[PDB]
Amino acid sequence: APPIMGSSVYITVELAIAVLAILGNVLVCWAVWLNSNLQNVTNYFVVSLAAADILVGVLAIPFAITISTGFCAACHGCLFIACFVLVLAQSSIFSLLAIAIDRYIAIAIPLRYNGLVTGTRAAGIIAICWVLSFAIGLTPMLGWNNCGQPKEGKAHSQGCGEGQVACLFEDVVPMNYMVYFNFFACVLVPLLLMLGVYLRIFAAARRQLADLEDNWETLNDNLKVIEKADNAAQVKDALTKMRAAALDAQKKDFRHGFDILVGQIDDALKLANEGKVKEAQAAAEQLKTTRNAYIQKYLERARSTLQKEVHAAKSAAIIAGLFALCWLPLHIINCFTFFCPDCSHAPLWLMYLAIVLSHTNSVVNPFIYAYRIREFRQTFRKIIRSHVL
């Protein structure tokens, strides 16, 4: 079978993926530049992620096509072509980790968020992560490689010049680097951390919603205790529990409804301590009207805000999960190649499928923003309509 036939299918699919990765991710960068509502710290890591996916199409995919032919080259030039995609993958992992951490600070410590994370600190984090991605991804160029033990029967068979090798990924890149150092330490470990962070995000959002409902019930229940009461101290008990639940839900038109709320509680408590119970019970049914006009409005707005952040955290978790789905097959195949020297090597068509799948990850993110983030979707339309004209 002419190898150029099967090679044509692999090359054609890769070029198709490159065009889509470039187009969709250029659109993401254009949206963030145009719409000032999208220019926040979270979306700067989105742009950093988009830039890495753009470079997959412009450089990594052409590099992959080149190395599939086994052309003769100087071994260290082959190493750079083979290892550059590892830089872009490491950059993606760092950007995903930052987005998870940024979303956790937003829900856990919302008050200091705007003081903690700033636009100028995010840019410096992004630059540091990119430098580290080059260091991790190009570590084979520092000596941990197979350039010292060339396959010379292959180089002679392909007619390579002196000092050249047949440029093949598994011939120059050691598999102990790929498995122990790249997969376990630099990919799997950061992915598990992301898993734990998102676990803390959804647990903390659940507890906050429950606390709000508990205070809402604590307020309403102790109101009925007052109505159907008989002694002055019972009135005092129910009221004091309301004052605590009133201050533990305060964490300007809201401050009014809370200024009134704590005020009416204070009036009714003074009546009970003096002993006038009937006057206290009646000074309480006014607390009702306060809740049906101010408190319930706050409880709804706070509840609607929390759900908006959970939605935004769910969207980021889908992006991280799709990364794992597209990259794990290739990594798992490397484990079989490395750990089972008695097993037959995975066939070539499966290698190409796992490689293509890892490249598909650079296409999917712009579809997630359009489906799940309304501000992205509207901005997308505006660009397409005003430039398809």
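The first residue of the sequence shown is number 1, and the count goes up from there. Note that the rigid core is defined as the largest set of C-alphas that superpose within 1.5 Å between two forms.
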(request) Consider 123 to 131 and 278 to 286 separately and indicate which one has Cα atoms farther, on average, from the shown form in 8 other deposited structures of this protein after rigid core alignment. (result) 278 to 286
(message) I want to check something about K252: across the other compared entries that model its neighbours, is it left unbuilt in at least a third?
(response) yes
(message) With respect to the deposited sequence, is there a break between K251 and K252 in this entry, and if so is it 1 to 3, 4 to 9, or 10 or more residues, or none at all?
(response) 10 or more
(request) Could you check the entry and say whether 144 to 152 or 297 to 305 has the higher mean CA B-factor? (result) 297 to 305
(message) Test of understanding: from the entry's C-alpha B-factors, which stretch has the higher mean, 56 to 64 or 28 to 36?
(response) 28 to 36
(message) Just the C-alpha B-factor column, please: which of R200, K288, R103, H311 has the biggest number?
(response) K288
(message) Highest recorded C-alpha temperature factor, please, choosing from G161, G124, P190, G115.
(response) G115
(message) Going by the CA temperature factor in the PDB record, which third of the chain does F181 belong to: lowest, middle or highest?
(response) lowest
(message) Going by the CA temperature factor in the PDB record, which third of the chain does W216 belong to: lowest, middle or highest?
(response) highest
(request) Would you mind checking where the Cα B-factor of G137 ranks among the modelled residues of its chain, as the lowest, middle or highest third? (result) lowest
(message) Quick check for you: using the entry's CA B-factors within this chain, is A283 in the lowest, middle or highest third?
(response) highest
(message) How does the C-alpha B factor of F71 compare with the rest of the chain: lowest, middle or highest third?
(response) middle
